[PDB]
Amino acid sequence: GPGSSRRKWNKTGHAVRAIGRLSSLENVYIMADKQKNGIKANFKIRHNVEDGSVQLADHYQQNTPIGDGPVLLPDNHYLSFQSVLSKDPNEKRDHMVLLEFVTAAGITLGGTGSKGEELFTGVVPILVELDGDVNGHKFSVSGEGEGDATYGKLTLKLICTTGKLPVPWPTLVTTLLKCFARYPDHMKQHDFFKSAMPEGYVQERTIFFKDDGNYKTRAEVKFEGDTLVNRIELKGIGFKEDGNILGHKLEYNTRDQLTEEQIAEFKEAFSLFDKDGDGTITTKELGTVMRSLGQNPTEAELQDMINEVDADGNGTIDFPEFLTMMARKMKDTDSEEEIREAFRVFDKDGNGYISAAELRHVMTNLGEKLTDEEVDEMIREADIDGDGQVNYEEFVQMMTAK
């Protein structure tokens, strides 16, 4: 057809790109399996390959309740995942520290929920145990951590007890606790996972690695004492002894990635908004901090603000949502300006220096509490050139664990 033969090349390779852009489903969709009194999920994971490529893992997931209870069968919706992989420098073994932030979304909105859901209310210790055989290569993984459903948080430390792990850690991530997802109140009756809980659910998967082998897994996620347990049997077949997986061509982490430390800071900051520590930030709660700083956003101005970062459009922001809005990277001239603007909030009289009382007003309006000696000591920490107060330079080189 008509158009520049340049126009046509590009238009063809915009729609091919487009297809791959639409095909990259980041979310994890949940459907019901009422006949199986359960749920399923079919999703893909893109594992970065060392040489720029990508190894994708086609996941096919089935879930069922172990017990005979009532269970909540959910409508179509999705989980939303943010994973952070790291190492403990103390730990000497082949291992992984894994942090997940899982939030539920997908639905536009007495009360109820599940009994089984009152068990996630606070922090739950986690035990994970995995038994696999990949292409004959046998290994065991073990680990502990905790789950904090309110901030959709999961933290684990996973050891390979049998010594060297014969597959890359990334590939085991999905396998080694969706009951730690934050289901927003407005859909807390689509949380199959907690509902099935105390007796628990089976989570079976087949993961197809493109041009490489497959993993089969069957796991029981149930309570033992008050430890939430994830116990797995993993069987892998079809894998070339030198594909990305068995040859370890897969990479651990990206590199622009949030440290465990940073995420902790973002949690503490989230708490500053979440006055009632109920895991969400409301228009009310946002207003309170805003006014406290000295602004007057209207009910509507707040609702907008939130609705612009509130994935599940329920009017509140939960920690993964917050964590997401903080995890966006910017054109570092926007980031720079963000810092310039943060500075001007701290530097209240706008004289270009943050004083001790200026630092105190900000932390105080933020709902922190502070001894004069802590204030004076913070200023000590930032006051490089030692003039008793903090300029823009000092603020920048003090603000950078972004």
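Residue positions are given as counts along the sequence shown, with the first one as 1.
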According to the PDB record, deposited residues with no modelled atoms between residue 109 and residue 110 number 10 or more
Does the entry skip any residues of the deposited sequence between residue 176 and residue 177, and if so, is it 1 to 3, 4 to 9, or 10 or more, or none at all? 1 to 3
Selected stretch [higher average CA B-factor]: 317-325 or 92-100: 92-100
When the Cα temperature factors in the entry are averaged, is it 212-220 or 186-194 that ends up higher? 186-194
Options 279, 132, 145, 294 - largest CA temperature factor per the record: 132
Between 373, 358, 341, 50, which one tops the list for C-alpha B-factor in the PDB entry? 50
Third of the chain, ranked by Cα B-factor, where residue 65 sits: middle
What third of its chain's C-alpha B-factors does residue 46 belong to: lowest, middle or highest? highest
Hey, what third does residue 262 fall into on Cα B-factor, ranked over its chain? middle
Would you check the entry's CA temperature factor for residue 232 and let me know if it's in the chain's lowest, middle or highest third? middle
Binned into thirds over the chain's modelled residues, the C-alpha B-factor of residue 289 lands in the lowest
